[PDB]
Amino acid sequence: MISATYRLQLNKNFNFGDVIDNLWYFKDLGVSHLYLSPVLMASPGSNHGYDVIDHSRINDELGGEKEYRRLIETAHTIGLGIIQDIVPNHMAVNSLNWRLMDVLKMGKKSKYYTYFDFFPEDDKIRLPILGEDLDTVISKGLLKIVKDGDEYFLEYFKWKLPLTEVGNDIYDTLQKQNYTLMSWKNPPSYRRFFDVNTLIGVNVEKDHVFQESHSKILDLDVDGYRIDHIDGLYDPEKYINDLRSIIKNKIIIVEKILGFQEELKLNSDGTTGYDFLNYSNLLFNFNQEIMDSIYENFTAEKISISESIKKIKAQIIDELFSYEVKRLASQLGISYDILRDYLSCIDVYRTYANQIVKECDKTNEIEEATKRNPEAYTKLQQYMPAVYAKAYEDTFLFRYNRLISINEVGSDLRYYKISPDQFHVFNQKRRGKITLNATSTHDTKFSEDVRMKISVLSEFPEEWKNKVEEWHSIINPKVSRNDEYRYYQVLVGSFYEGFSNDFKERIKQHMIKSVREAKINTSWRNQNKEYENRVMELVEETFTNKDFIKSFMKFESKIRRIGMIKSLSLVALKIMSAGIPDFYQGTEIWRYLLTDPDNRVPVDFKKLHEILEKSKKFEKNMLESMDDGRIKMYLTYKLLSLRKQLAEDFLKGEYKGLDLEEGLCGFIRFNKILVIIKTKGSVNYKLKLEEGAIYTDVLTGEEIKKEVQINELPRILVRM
């Protein structure tokens, strides 16, 4: 809403009271709306709040409802708005989820049976939470029947499940229950969120479920809402309408991934911005042909992106979602093979309104089966996003290693770069919409600064090629050439610090997760110890080999400065474009973060206060020593100040794209602000300005006329 959002990760160590203490900092920075993480009661010790255990309570670990209302009123007093993240799709399978425990105790007689998406054909609820199958767990004596006064209880480590009645033996007791315990390998009797057994779907499309689940959160005076995983819902449009029947015209943005040529079909204000994140990211990549050869020659293997993605999707269905897909194929009355091929073929997260993707259904079988049983297909649409996400985001993104800065959530690896002309058109479609411009989130594989530093490798392909060969000769590792190639990129991109013990730990953990997700030489479900040991040997060697360290350090320092210049361009781009700029906590300065949990570390706000205090006025020494982050803080503060002063104009105002030479991207906003940004960090450009026209550089204060040089900073020029 209005001019700028700021994402805050709330938890036990950064609660409602801490947010309140920093409100004046957020207002002075230029932010108009705080973008808060989920606030309803989650499982104790949760760091993200997405594992909801009670819809009727504000989380007490964060400060409770009293402190939440104080936060809202105080923010409003100083003029700040609030956009709240809410989770309507699923709840946590946890002993503290009392609504769920009621179903486990009462079965189909529980009033909450219809609250969750259980498979109707199952008389007993399969609960795949055991580390081993029932028999072995019982012989080991891990299952314990506890007699209390609240009745009887079954205990499995930290699980405490209710018993309806008891016999005189574990087996006799277990056959009298409404549920059945099985190992994690077995399919559940409910829709999960992706492949997570401990997350269960909620039937929010049913009126009484919507009302109870939203009774607390809509009772609060917030300014807008961010809807988590909108694509999991049975009827996304009805849900939005139901919200508006109560909330009226408040801001509603949804978390929804779009294809490159896909248009948002929902009745929402906008999205969290992955479309902007990837469109802008592509403006910074060069020398595709050369990067292809280097990759293909080093790893020595050529693959088709399209065919690869199609086959991984088919494997993902067979290994993770076979049961769910077989159920729906049965209800549609078609072959599992036919259904699996259709799901592996579609290029969108999901379809809406039972619309079939004809190019994947050769205009026959699936469409007619859907006309007869529309219900089964509507149900299938809820699982479509899981297939896409597990195959692409969590498998393929870790395999194709030509320039990994492109391997991000919301990406399409079939695209390597995009001309400024296509970005301009994208911005035209954006005009007037209350949608976000994101560059870093709590879910992105890397932070914006990591992506910009890695993109510099495409500007120096010959030297990069030479370094990789040099490094491989010194460090002769026993990992695949593909994993080795990716490692060098991850290392160069996140380095900023030194070969410390803390950085070594972050790297090791990231690499182990990376190879397991790739699923080529090891995996989460079946770990290859031999290979993982080799991955860890690679890390120890590069962190201790003096010849490697020497070579690496000389190359990295050159790359770092150029990467910072590109980050400044990206920051100016998201604030000056149509749409609303979003900021992940702490990105006011340089932040080189890797994949979750690395990006979930706390931010030092006191330190940020002092940097802002000495960064409200431009000094040439900011360019002299960029490492301190003052230049990034100054650019953020200044542009957000201009934006707030002209908020309406930036949101609804005109956008005019300029045709510049390769390496530059330029445009004019509402016929008053000329924006020149360089996409190629290693080159300096010069541009002749219009006859007579005088301009004022908003960042440096200089008077600009006749010609302008584009060096380390983007040029934001106000016609005078």
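Each residue number is its position in the shown sequence, starting from 1.
Asks: Can you tell me which stretch has the higher mean Cα B-factor, 440-448 or 130-138?
Replies: It is 130-138.
Asks: Out of 652-660 and 677-685, which one has CA B-factors that are higher on average in the deposited record?
Replies: Between 652-660 and 677-685, it is 652-660.
Asks: Taking the Cα B-factors listed in the entry, which of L491, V456, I549, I305 comes out highest?
Replies: Spelled out: the listed residue with the top C-alpha B-factor is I305.
Asks: Please work out which residue in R399, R481, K362, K513 has the highest C-alpha B-factor recorded for this crystal structure.
Replies: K362 has the highest C-alpha B-factor of those listed.
Asks: Divide the modelled residues of the chain into thirds by Cα B-factor and specify which third, lowest, middle or highest, holds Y68.
Replies: For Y68, whose C-alpha B-factor we compare with every modelled residue in the chain, the answer is the middle third.
Asks: Just say lowest, middle or highest third for the CA B-factor of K672 relative to the other modelled residues in its chain.
Replies: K672: CA B-factor falls in the highest third of its chain.
Asks: Against its chain's modelled residues, does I694's Cα B factor rank lowest, middle or highest third?
Replies: Tercile = highest for this residue's CA B-factor.
Asks: Which third, lowest, middle or highest, does the C-alpha temperature factor of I716 belong to within its own chain?
Replies: Middle third - that is where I716 ends up once the chain's C-alpha B-factors are sorted.
Asks: Relative to the other modelled residues in the chain, which third contains the C-alpha temperature factor of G79: lowest, middle or highest?
Replies: It falls in the top third of the chain.
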